[PDB]
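What follows is a single structure, written as structure tokens, with notes after it.
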Amino acid sequence: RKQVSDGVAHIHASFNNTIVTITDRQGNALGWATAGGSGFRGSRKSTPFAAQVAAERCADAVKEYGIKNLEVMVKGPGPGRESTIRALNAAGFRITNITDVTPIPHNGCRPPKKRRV
Amino acid sequence: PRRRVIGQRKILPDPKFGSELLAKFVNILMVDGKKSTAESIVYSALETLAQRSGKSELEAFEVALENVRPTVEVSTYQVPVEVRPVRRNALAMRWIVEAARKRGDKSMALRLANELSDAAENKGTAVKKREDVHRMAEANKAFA
Amino acid sequence: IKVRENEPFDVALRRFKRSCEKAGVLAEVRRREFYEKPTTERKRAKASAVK
RNA sequence: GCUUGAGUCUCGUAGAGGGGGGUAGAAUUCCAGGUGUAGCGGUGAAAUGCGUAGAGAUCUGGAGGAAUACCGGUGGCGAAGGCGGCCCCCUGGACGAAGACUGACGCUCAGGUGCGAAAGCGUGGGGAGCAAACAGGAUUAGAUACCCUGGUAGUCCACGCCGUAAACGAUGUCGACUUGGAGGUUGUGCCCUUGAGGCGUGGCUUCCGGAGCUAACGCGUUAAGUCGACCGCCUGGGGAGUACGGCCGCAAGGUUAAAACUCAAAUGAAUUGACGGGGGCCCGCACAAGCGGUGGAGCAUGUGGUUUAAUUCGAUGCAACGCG
């Protein structure tokens, strides 16, 4: 179906969850997979293992497109992200670019207070 | 074990088959320092195991014990960790013997002969203990 | 940031991420505007950097 | 009168000094649209919350507000509060080089006047994020908290008020003298520059230390050393920086400022120890790895209690309870 043959893997690692979205070069999503949607709810959805099985599961569900090349775009910090791109070249993809696209303000908005734990 | 790294003591092999593996199996089975009784039970049970399966003695034992050896075992985290080989077959024998004590047959040689026979086609209780351990270490795979 | 595919490679192993953004810069902008704790955190950081 | 104090002029230097105006780029939120699909978010774990009315992720376009990553530095500037993108306009101070000029014009300062973070107040705007109050979810014995999800005043602008802070180098201002070392920053002169040069002379500043001082801790040419001038303030702890009165303030409150009564201490620095849900290193059947027990049953024996005429006395966390 529609046979795009090149895409972008936007991986959005945060501290609590990694969410991998495989799209095309136009930016239209072709299929996604989160670490929290792969079993292991909770303290286990923020691990490199959960991110890699999230990326394995996002490599599935884009078989209908015949993607061979993809760029990787990485957001946020997280226990994910590093393992995530590994799972992508464990799934036959030719990984072309690895950009880190974490949003950094140039002293913009005030961050929240928190955490007197 | 706080300080002292240790050696280990050498067990005498089995007086019928020369197997230190099976010698540790009669030590796992032994209660109250009665070794003669336990080796009688092991010779009877493995003798009917060799007669039933028709293979041989300690390769029927080695198959029936090969089906129950654990692969890996498990804030409070239950991490999976790879079992050492001596601990591997030590756990194998402890689960066979414990499950054989759980059974409801007549004699201990029949309970353990039927438990090793149920472990030869891996359908007994010790294999459910191994699958249980492997479900715990398989569910919690996310910690390494 | 960006690293182009090499002609004969298995792992890109980009270190672009490490030299700048991940470790410090995003973990710093998770928490409060002070003016006060940074003046003392930098004061004791430059007072610790001593022989 | 005089120039060694103070000041003026010439030429430059560095600077987040101030006020006004403009602009730029990242990011957050919102709105509209494309793809796409079952979760997202959150936590120690959860739930509230958002989501098949299509969220989150992702791309495009727009709006708006605030703050200005990197440079960034015990770096700089300012009397202090404080001041951080870039550009323009108006403007204050400092420092340096040589020379000229005035000629003690100086120092401090009670009352007085001005400036004075943040929160707060008034009027009018603005309102993206954050967030007192507030609401819900948790946690808990309770939880009017810490944690989570939302969230209003406020934070932002204009003008006025307030007038305070651990407004702190807890160190008033001005001047003079008194061994050193390593830096930072900003001027400048000289000398093969023949480096990542050399040698000097100023301004501000950081760390360590000598004499000296100090209760000690420490300060140590930027003094808490050695002196001089003027000011401010102190006189045991509490009551109390409170009440009354005055002045100020829209208010909140600010400032000035007692007494009765009560205690024989309150305090500073340092020492020894003990302790810590502080840190480092180390041990023991301490935990872990195992095996067998106890707690359940009947009996033995000891104890507490009860009973009794008496149920002899003693032992009572560990280290009393088949103990004397």
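If you're wondering about the labels, chains in the structure tokens are A, B, ... by order shown, residues count from 1 in each chain, ligands from 1 in order shown.
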For chain A against chain B, with a cut-off of 8 Å and counting only C-alpha atoms, what is the closest atom pair and its distance in Å to one decimal for every residue that makes the cut, ordered by chain and number, as a Markdown table?
```
| residue | atom | partner | partner_atom | distance |
| --- | --- | --- | --- | --- |
| A:44 | CA | B:142 | CA | 6.5 |
| A:47 | CA | B:142 | CA | 6.6 |
| A:48 | CA | B:142 | CA | 7.6 |
| A:49 | CA | B:142 | CA | 5.2 |
| A:50 | CA | B:142 | CA | 6.7 |
```
Selection export as a JSON list (two decimals), in the first residue's frame, atoms kept: N, CA and C atoms:
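Written file, result22.json:
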```json
[["chain", "number", "residue", "atom", "x", "y", "z"],
["A", 44, "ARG", "N", 8.11, -0.20, 34.55],
["A", 44, "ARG", "CA", 8.77, -0.99, 33.52],
["A", 44, "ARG", "C", 8.58, -0.44, 32.14],
["A", 47, "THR", "N", 12.20, 1.85, 30.37],
["A", 47, "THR", "CA", 13.43, 1.02, 30.42],
["A", 47, "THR", "C", 13.91, 0.93, 28.98],
["A", 48, "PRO", "N", 15.19, 0.63, 28.78],
["A", 48, "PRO", "CA", 15.61, 0.38, 27.40],
["A", 48, "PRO", "C", 14.97, -0.84, 26.75],
["A", 49, "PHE", "N", 14.64, -1.86, 27.54],
["A", 49, "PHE", "CA", 13.97, -3.02, 27.01],
["A", 49, "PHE", "C", 12.57, -2.70, 26.44],
["A", 50, "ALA", "N", 11.80, -1.93, 27.17],
["A", 50, "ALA", "CA", 10.50, -1.53, 26.74],
["A", 50, "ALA", "C", 10.54, -0.67, 25.51]]
```
(Q) Using only C-alpha atoms (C1' of nucleotides), I'd like every residue of chain D that has an atom within 7 Å of chain A; please write them out as a list in words. (A)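 Only these qualify: residues 26, 27, 28, 35, 36, 39, 57, 58, 59, 66, 67, 68, 69, 129, 130, 146 and 147 of chain D.
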Q. What is the distance, in Å and to one decimal place, between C1' of residue 83 (chain D) and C1' of residue 158 (chain D)?
A.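 Computed distance, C1' of residue 83 (chain D) to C1' of residue 158 (chain D), equals 21.3 Å.
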(Q) Ranking A:53, A:73, A:4, A:91 by minimum distance to chain C and counting only C-alpha atoms, which one comes first? (A) A:73
(Q) Quick check, in Å to one decimal: how far apart do CA of residue 98 (chain A) and CA of residue 18 (chain C) lie? (A)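 Taking CA of residue 98 (chain A) as the start and CA of residue 18 (chain C) as the end point, the length is 12.8 Å.
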Q: From a DSSP pass on the backbone, collect the residues of chain C flagged as alpha helix (DSSP H) and hand them back as a ChimeraX atom specification.
A: /C:25-28,37-48
**Q.** Residue hits in chain B, query chain D, radius 12 Å, only C-alpha atoms (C1' of nucleotides), as an NGL selection string
**A.** :B and (1-4 or 27-33 or 75-77 or 87 or 90-91 or 94)
Next, the residues of the selection above should be written as a PDB file, in the first residue's frame with N, CA, C and O atoms.
```pdb
ATOM      1  N   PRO B   1      30.907 -15.624  54.065  1.00  0.00           N
ATOM      2  CA  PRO B   1      30.566 -15.074  52.764  1.00  0.00           C
ATOM      3  C   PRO B   1      30.623 -13.556  52.773  1.00  0.00           C
ATOM      4  O   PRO B   1      30.656 -12.917  51.696  1.00  0.00           O
ATOM      5  N   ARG B   2      30.626 -12.985  53.971  1.00  0.00           N
ATOM      6  CA  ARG B   2      30.920 -11.555  54.126  1.00  0.00           C
ATOM      7  C   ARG B   2      32.335 -11.290  53.651  1.00  0.00           C
ATOM      8  O   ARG B   2      32.555 -10.505  52.750  1.00  0.00           O
ATOM      9  N   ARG B   3      33.293 -11.961  54.257  1.00  0.00           N
ATOM     10  CA  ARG B   3      34.700 -11.918  53.813  1.00  0.00           C
ATOM     11  C   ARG B   3      35.039 -13.153  53.007  1.00  0.00           C
ATOM     12  O   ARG B   3      35.489 -13.046  51.873  1.00  0.00           O
ATOM     13  N   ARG B   4      34.830 -14.295  53.638  1.00  0.00           N
ATOM     14  CA  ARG B   4      35.444 -15.541  53.253  1.00  0.00           C
ATOM     15  C   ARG B   4      34.922 -16.047  51.922  1.00  0.00           C
ATOM     16  O   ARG B   4      33.835 -16.594  51.871  1.00  0.00           O
ATOM     17  N   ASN B  27      22.013 -37.146  48.240  1.00  0.00           N
ATOM     18  CA  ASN B  27      22.152 -36.250  49.384  1.00  0.00           C
ATOM     19  C   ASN B  27      20.990 -35.257  49.468  1.00  0.00           C
ATOM     20  O   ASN B  27      20.627 -34.862  50.590  1.00  0.00           O
ATOM     21  N   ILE B  28      20.459 -34.787  48.319  1.00  0.00           N
ATOM     22  CA  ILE B  28      19.290 -33.935  48.328  1.00  0.00           C
ATOM     23  C   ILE B  28      18.082 -34.708  48.853  1.00  0.00           C
ATOM     24  O   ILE B  28      17.251 -34.176  49.608  1.00  0.00           O
ATOM     25  N   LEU B  29      17.994 -35.986  48.525  1.00  0.00           N
ATOM     26  CA  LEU B  29      16.846 -36.771  48.990  1.00  0.00           C
ATOM     27  C   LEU B  29      16.935 -37.185  50.438  1.00  0.00           C
ATOM     28  O   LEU B  29      15.911 -37.440  51.053  1.00  0.00           O
ATOM     29  N   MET B  30      18.143 -37.261  50.990  1.00  0.00           N
ATOM     30  CA  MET B  30      18.378 -37.858  52.324  1.00  0.00           C
ATOM     31  C   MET B  30      17.743 -36.998  53.407  1.00  0.00           C
ATOM     32  O   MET B  30      17.834 -35.744  53.379  1.00  0.00           O
ATOM     33  N   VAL B  31      17.093 -37.646  54.363  1.00  0.00           N
ATOM     34  CA  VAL B  31      16.612 -36.944  55.546  1.00  0.00           C
ATOM     35  C   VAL B  31      17.217 -37.592  56.800  1.00  0.00           C
ATOM     36  O   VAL B  31      17.459 -38.779  56.801  1.00  0.00           O
ATOM     37  N   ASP B  32      17.432 -36.784  57.842  1.00  0.00           N
ATOM     38  CA  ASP B  32      17.871 -37.236  59.184  1.00  0.00           C
ATOM     39  C   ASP B  32      19.167 -38.024  59.190  1.00  0.00           C
ATOM     40  O   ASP B  32      19.374 -38.904  60.041  1.00  0.00           O
ATOM     41  N   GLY B  33      20.055 -37.729  58.252  1.00  0.00           N
ATOM     42  CA  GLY B  33      21.345 -38.404  58.200  1.00  0.00           C
ATOM     43  C   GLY B  33      21.292 -39.860  57.829  1.00  0.00           C
ATOM     44  O   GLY B  33      22.232 -40.599  58.133  1.00  0.00           O
ATOM     45  N   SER B  75      13.719   0.321  46.173  1.00  0.00           N
ATOM     46  CA  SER B  75      12.591  -0.386  45.578  1.00  0.00           C
ATOM     47  C   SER B  75      12.861  -1.887  45.553  1.00  0.00           C
ATOM     48  O   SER B  75      13.992  -2.310  45.595  1.00  0.00           O
ATOM     49  N   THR B  76      11.796  -2.678  45.482  1.00  0.00           N
ATOM     50  CA  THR B  76      11.899  -4.134  45.366  1.00  0.00           C
ATOM     51  C   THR B  76      11.819  -4.517  43.884  1.00  0.00           C
ATOM     52  O   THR B  76      10.749  -4.449  43.260  1.00  0.00           O
ATOM     53  N   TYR B  77      12.963  -4.885  43.322  1.00  0.00           N
ATOM     54  CA  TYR B  77      13.021  -5.419  41.961  1.00  0.00           C
ATOM     55  C   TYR B  77      13.248  -6.916  42.003  1.00  0.00           C
ATOM     56  O   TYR B  77      13.972  -7.425  42.857  1.00  0.00           O
ATOM     57  N   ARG B  87      24.522 -24.571  40.453  1.00  0.00           N
ATOM     58  CA  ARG B  87      23.246 -24.156  41.000  1.00  0.00           C
ATOM     59  C   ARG B  87      22.101 -24.633  40.087  1.00  0.00           C
ATOM     60  O   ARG B  87      20.978 -24.895  40.575  1.00  0.00           O
ATOM     61  N   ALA B  90      21.541 -28.234  40.831  1.00  0.00           N
ATOM     62  CA  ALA B  90      21.128 -28.271  42.251  1.00  0.00           C
ATOM     63  C   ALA B  90      19.609 -27.898  42.430  1.00  0.00           C
ATOM     64  O   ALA B  90      18.866 -28.529  43.182  1.00  0.00           O
ATOM     65  N   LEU B  91      19.195 -26.859  41.723  1.00  0.00           N
ATOM     66  CA  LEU B  91      17.801 -26.509  41.700  1.00  0.00           C
ATOM     67  C   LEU B  91      16.940 -27.564  40.991  1.00  0.00           C
ATOM     68  O   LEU B  91      15.754 -27.776  41.365  1.00  0.00           O
ATOM     69  N   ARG B  94      16.494 -30.330  43.561  1.00  0.00           N
ATOM     70  CA  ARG B  94      15.670 -29.896  44.671  1.00  0.00           C
ATOM     71  C   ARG B  94      14.201 -29.851  44.257  1.00  0.00           C
ATOM     72  O   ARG B  94      13.316 -30.124  45.073  1.00  0.00           O
TER      73      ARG B  94
END
```
Q. Could you name the residues that touch residue 50 (chain C) at 12 Å or less, counting only C-alpha atoms (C1' of nucleotides), but leaving out those on the same chain fewer than 2 positions away, as a PyMOL selection string?
A. (chain C and resi 44-48) or (chain D and resi 74+183+207-208)
(Q) Ranking C:4, C:9, C:37, C:32 by minimum distance to chain D and counting only C-alpha atoms (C1' of nucleotides), which one comes first? (A)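 For chain D, the nearest of the given residues is C:32.
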Q: For residue 6 (chain A), work out the shell of residues within 9 Å, counting only C-alpha atoms (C1' of nucleotides) and skipping chain neighbours fewer than 3 positions away, then give it as a VMD selection string.
A: chain A and resid 3 23 to 25 65 to 71
Would you save the residues from that selection as an mmCIF file, in the first residue's frame, using N, CA, C and O atoms?
```
data_model
loop_
_atom_site.group_PDB
_atom_site.id
_atom_site.type_symbol
_atom_site.label_atom_id
_atom_site.label_comp_id
_atom_site.auth_asym_id
_atom_site.auth_seq_id
_atom_site.Cartn_x
_atom_site.Cartn_y
_atom_site.Cartn_z
ATOM 1 N N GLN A 3 3.567 2.447 -0.853
ATOM 2 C CA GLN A 3 4.928 2.081 -1.235
ATOM 3 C C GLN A 3 5.921 3.255 -1.154
ATOM 4 O O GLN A 3 6.428 3.764 -2.147
ATOM 5 N N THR A 23 7.225 7.570 10.106
ATOM 6 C CA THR A 23 6.526 8.380 9.134
ATOM 7 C C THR A 23 7.287 8.404 7.784
ATOM 8 O O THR A 23 8.239 7.685 7.587
ATOM 9 N N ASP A 24 6.827 9.246 6.877
ATOM 10 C CA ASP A 24 7.500 9.496 5.630
ATOM 11 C C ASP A 24 8.276 10.808 5.706
ATOM 12 O O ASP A 24 8.319 11.478 6.752
ATOM 13 N N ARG A 25 8.936 11.159 4.609
ATOM 14 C CA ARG A 25 9.692 12.398 4.560
ATOM 15 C C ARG A 25 8.821 13.652 4.455
ATOM 16 O O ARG A 25 9.312 14.759 4.624
ATOM 17 N N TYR A 65 4.385 -0.809 3.661
ATOM 18 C CA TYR A 65 4.946 0.341 2.982
ATOM 19 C C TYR A 65 6.283 0.070 2.338
ATOM 20 O O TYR A 65 6.695 0.875 1.497
ATOM 21 N N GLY A 66 6.975 -1.009 2.707
ATOM 22 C CA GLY A 66 8.257 -1.361 2.116
ATOM 23 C C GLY A 66 9.357 -0.358 2.392
ATOM 24 O O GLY A 66 10.156 -0.015 1.516
ATOM 25 N N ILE A 67 9.421 0.088 3.636
ATOM 26 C CA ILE A 67 10.421 1.067 4.039
ATOM 27 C C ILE A 67 11.764 0.359 4.164
ATOM 28 O O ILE A 67 11.868 -0.658 4.864
ATOM 29 N N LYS A 68 12.781 0.884 3.499
ATOM 30 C CA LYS A 68 14.142 0.361 3.627
ATOM 31 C C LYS A 68 15.141 1.348 4.222
ATOM 32 O O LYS A 68 15.985 0.971 5.039
ATOM 33 N N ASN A 69 15.057 2.594 3.786
ATOM 34 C CA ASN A 69 15.833 3.678 4.363
ATOM 35 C C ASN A 69 14.971 4.462 5.331
ATOM 36 O O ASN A 69 13.793 4.680 5.067
ATOM 37 N N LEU A 70 15.569 4.908 6.428
ATOM 38 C CA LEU A 70 14.938 5.910 7.279
ATOM 39 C C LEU A 70 15.959 6.734 8.046
ATOM 40 O O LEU A 70 17.014 6.232 8.416
ATOM 41 N N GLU A 71 15.614 8.004 8.256
ATOM 42 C CA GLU A 71 16.284 8.847 9.225
ATOM 43 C C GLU A 71 15.690 8.556 10.610
ATOM 44 O O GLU A 71 14.528 8.117 10.753
#
```
May I have a table of the residues of chain C lying at most 7 Å from chain A, giving each one's closest pair of atoms and their distance in Å to one decimal, counting only C-alpha atoms, ordered by chain and ascending residue number, as CSV?
```
residue,atom,partner,partner_atom,distance
C:1,CA,A:99,CA,3.9
C:2,CA,A:99,CA,4.2
C:3,CA,A:97,CA,4.9
C:4,CA,A:97,CA,4.9
C:5,CA,A:96,CA,4.2
C:17,CA,A:100,CA,6.4
C:22,CA,A:77,CA,6.2
C:29,CA,A:111,CA,6.4
C:30,CA,A:111,CA,6.0
C:31,CA,A:111,CA,5.3
C:32,CA,A:113,CA,4.4
C:33,CA,A:110,CA,6.2
```
Could you take the residues named above and write them with N, CA, C and O atoms, as a PDB file, in the first residue's frame?
```
ATOM      1  N   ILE C   1      23.053  15.713  16.559  1.00  0.00           N
ATOM      2  CA  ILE C   1      22.294  16.106  15.387  1.00  0.00           C
ATOM      3  C   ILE C   1      22.635  15.206  14.210  1.00  0.00           C
ATOM      4  O   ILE C   1      23.148  14.120  14.420  1.00  0.00           O
ATOM      5  N   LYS C   2      22.440  15.655  12.982  1.00  0.00           N
ATOM      6  CA  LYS C   2      22.594  14.765  11.814  1.00  0.00           C
ATOM      7  C   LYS C   2      23.876  14.065  11.452  1.00  0.00           C
ATOM      8  O   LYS C   2      24.947  14.667  11.455  1.00  0.00           O
ATOM      9  N   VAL C   3      23.768  12.779  11.128  1.00  0.00           N
ATOM     10  CA  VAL C   3      24.930  12.043  10.652  1.00  0.00           C
ATOM     11  C   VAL C   3      24.515  11.232   9.437  1.00  0.00           C
ATOM     12  O   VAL C   3      23.715  10.328   9.558  1.00  0.00           O
ATOM     13  N   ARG C   4      25.095  11.503   8.277  1.00  0.00           N
ATOM     14  CA  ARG C   4      24.701  10.798   7.056  1.00  0.00           C
ATOM     15  C   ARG C   4      25.161   9.350   7.016  1.00  0.00           C
ATOM     16  O   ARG C   4      26.169   8.999   7.621  1.00  0.00           O
ATOM     17  N   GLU C   5      24.423   8.508   6.303  1.00  0.00           N
ATOM     18  CA  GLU C   5      24.800   7.106   6.202  1.00  0.00           C
ATOM     19  C   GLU C   5      26.135   6.971   5.512  1.00  0.00           C
ATOM     20  O   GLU C   5      26.368   7.600   4.482  1.00  0.00           O
ATOM     21  N   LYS C  17      25.209  13.575  20.050  1.00  0.00           N
ATOM     22  CA  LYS C  17      24.320  13.806  21.170  1.00  0.00           C
ATOM     23  C   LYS C  17      25.070  14.171  22.435  1.00  0.00           C
ATOM     24  O   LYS C  17      24.672  15.093  23.144  1.00  0.00           O
ATOM     25  N   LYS C  22      22.130  16.321  25.824  1.00  0.00           N
ATOM     26  CA  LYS C  22      21.360  15.346  26.593  1.00  0.00           C
ATOM     27  C   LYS C  22      21.508  15.462  28.118  1.00  0.00           C
ATOM     28  O   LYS C  22      20.523  15.524  28.842  1.00  0.00           O
ATOM     29  N   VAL C  29      16.492  22.134  32.706  1.00  0.00           N
ATOM     30  CA  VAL C  29      15.386  23.009  32.366  1.00  0.00           C
ATOM     31  C   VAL C  29      14.090  22.226  32.653  1.00  0.00           C
ATOM     32  O   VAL C  29      13.023  22.460  32.058  1.00  0.00           O
ATOM     33  N   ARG C  30      14.157  21.343  33.646  1.00  0.00           N
ATOM     34  CA  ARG C  30      13.023  20.545  34.106  1.00  0.00           C
ATOM     35  C   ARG C  30      12.363  21.185  35.382  1.00  0.00           C
ATOM     36  O   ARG C  30      11.278  20.776  35.763  1.00  0.00           O
ATOM     37  N   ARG C  31      13.002  22.181  36.004  1.00  0.00           N
ATOM     38  CA  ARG C  31      12.726  22.537  37.368  1.00  0.00           C
ATOM     39  C   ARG C  31      12.955  24.103  37.512  1.00  0.00           C
ATOM     40  O   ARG C  31      13.223  24.798  36.582  1.00  0.00           O
ATOM     41  N   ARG C  32      12.906  24.644  38.716  1.00  0.00           N
ATOM     42  CA  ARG C  32      12.389  25.993  38.984  1.00  0.00           C
ATOM     43  C   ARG C  32      13.286  27.055  38.554  1.00  0.00           C
ATOM     44  O   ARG C  32      14.530  26.844  38.690  1.00  0.00           O
ATOM     45  N   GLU C  33      12.667  28.174  38.077  1.00  0.00           N
ATOM     46  CA  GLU C  33      13.329  29.494  38.070  1.00  0.00           C
ATOM     47  C   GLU C  33      13.638  30.036  39.483  1.00  0.00           C
ATOM     48  O   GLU C  33      12.694  30.378  40.156  1.00  0.00           O
TER      49      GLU C  33
END
```
Can you check which residues of chain B DSSP gives as strand (DSSP E) on the backbone and send them as a CSV table (one decimal) with C-alpha atoms, in the first residue's frame?
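Generated output (states.csv):
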```
chain,number,residue,atom,x,y,z
B,72,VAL,CA,17.4,-17.9,34.4
B,73,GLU,CA,15.8,-17.0,37.8
B,81,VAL,CA,19.9,-13.5,36.5
B,82,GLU,CA,21.7,-16.3,34.8
```
Q: Considering only C-alpha atoms (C1' of nucleotides), return as a VMD selection string whatever protein or nucleic-acid residues lie within 8 Å of region 210-227 of chain D, sequence-local ones (same chain, fewer than 3 positions apart) excluded.
A: chain D and resid 171 176 to 180 269 to 270
Export of prior selection with N, CA, C and O atoms (P, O5', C5', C4', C3', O3' and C1' of nucleotides) as a PDB file, in the first residue's frame:
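So the final result, stored in again-v4.pdb, reads:
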```
ATOM      1  P     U D 171      27.265  43.549  57.801  1.00  0.00           P
ATOM      2  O5'   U D 171      28.605  43.845  58.580  1.00  0.00           O
ATOM      3  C5'   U D 171      28.691  44.908  59.540  1.00  0.00           C
ATOM      4  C4'   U D 171      30.123  45.381  59.681  1.00  0.00           C
ATOM      5  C3'   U D 171      30.758  46.130  58.496  1.00  0.00           C
ATOM      6  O3'   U D 171      31.732  47.034  58.994  1.00  0.00           O
ATOM      7  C1'   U D 171      32.044  44.271  58.999  1.00  0.00           C
ATOM      8  P     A D 176      45.200  57.845  51.708  1.00  0.00           P
ATOM      9  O5'   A D 176      46.191  57.779  52.951  1.00  0.00           O
ATOM     10  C5'   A D 176      47.020  58.903  53.251  1.00  0.00           C
ATOM     11  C4'   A D 176      47.809  58.641  54.498  1.00  0.00           C
ATOM     12  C3'   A D 176      48.611  57.359  54.539  1.00  0.00           C
ATOM     13  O3'   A D 176      49.846  57.472  53.853  1.00  0.00           O
ATOM     14  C1'   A D 176      47.458  57.619  56.564  1.00  0.00           C
ATOM     15  P     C D 177      50.402  56.221  53.081  1.00  0.00           P
ATOM     16  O5'   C D 177      51.043  55.339  54.243  1.00  0.00           O
ATOM     17  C5'   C D 177      52.165  55.833  54.970  1.00  0.00           C
ATOM     18  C4'   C D 177      52.406  55.018  56.206  1.00  0.00           C
ATOM     19  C3'   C D 177      52.781  53.569  56.013  1.00  0.00           C
ATOM     20  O3'   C D 177      54.161  53.363  55.780  1.00  0.00           O
ATOM     21  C1'   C D 177      51.130  53.735  57.674  1.00  0.00           C
ATOM     22  P     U D 178      54.569  52.133  54.949  1.00  0.00           P
ATOM     23  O5'   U D 178      54.325  50.851  55.890  1.00  0.00           O
ATOM     24  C5'   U D 178      55.201  50.527  56.961  1.00  0.00           C
ATOM     25  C4'   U D 178      54.751  49.279  57.668  1.00  0.00           C
ATOM     26  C3'   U D 178      54.576  48.019  56.847  1.00  0.00           C
ATOM     27  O3'   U D 178      55.713  47.221  56.568  1.00  0.00           O
ATOM     28  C1'   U D 178      52.680  48.365  58.164  1.00  0.00           C
ATOM     29  P     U D 179      56.418  47.334  55.194  1.00  0.00           P
ATOM     30  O5'   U D 179      55.957  46.092  54.293  1.00  0.00           O
ATOM     31  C5'   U D 179      55.371  44.922  54.825  1.00  0.00           C
ATOM     32  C4'   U D 179      56.373  43.806  54.876  1.00  0.00           C
ATOM     33  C3'   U D 179      56.655  42.987  53.625  1.00  0.00           C
ATOM     34  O3'   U D 179      57.561  43.584  52.715  1.00  0.00           O
ATOM     35  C1'   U D 179      56.426  41.533  55.471  1.00  0.00           C
ATOM     36  P     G D 180      57.379  43.360  51.122  1.00  0.00           P
ATOM     37  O5'   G D 180      57.200  41.789  50.985  1.00  0.00           O
ATOM     38  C5'   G D 180      56.350  41.192  49.989  1.00  0.00           C
ATOM     39  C4'   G D 180      56.282  39.692  50.213  1.00  0.00           C
ATOM     40  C3'   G D 180      55.706  38.936  49.042  1.00  0.00           C
ATOM     41  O3'   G D 180      56.642  38.670  48.013  1.00  0.00           O
ATOM     42  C1'   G D 180      54.622  38.208  51.014  1.00  0.00           C
ATOM     43  P     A D 269      29.217  30.790  67.466  1.00  0.00           P
ATOM     44  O5'   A D 269      30.676  30.221  67.655  1.00  0.00           O
ATOM     45  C5'   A D 269      31.776  30.945  67.105  1.00  0.00           C
ATOM     46  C4'   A D 269      33.003  30.628  67.908  1.00  0.00           C
ATOM     47  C3'   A D 269      33.416  29.181  67.908  1.00  0.00           C
ATOM     48  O3'   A D 269      34.135  28.794  66.718  1.00  0.00           O
ATOM     49  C1'   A D 269      33.477  30.030  70.085  1.00  0.00           C
ATOM     50  P     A D 270      34.001  27.305  66.218  1.00  0.00           P
ATOM     51  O5'   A D 270      34.863  26.414  67.277  1.00  0.00           O
ATOM     52  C5'   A D 270      36.278  26.489  67.347  1.00  0.00           C
ATOM     53  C4'   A D 270      36.827  25.955  68.637  1.00  0.00           C
ATOM     54  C3'   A D 270      36.617  24.481  68.959  1.00  0.00           C
ATOM     55  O3'   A D 270      37.634  23.644  68.440  1.00  0.00           O
ATOM     56  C1'   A D 270      35.978  25.730  70.798  1.00  0.00           C
TER      57        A D 270
END
```
Q) What is the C1' of residue 63 (chain D)-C1' of residue 84 (chain D) distance in Å, reported with one decimal? A) 28.3 Å
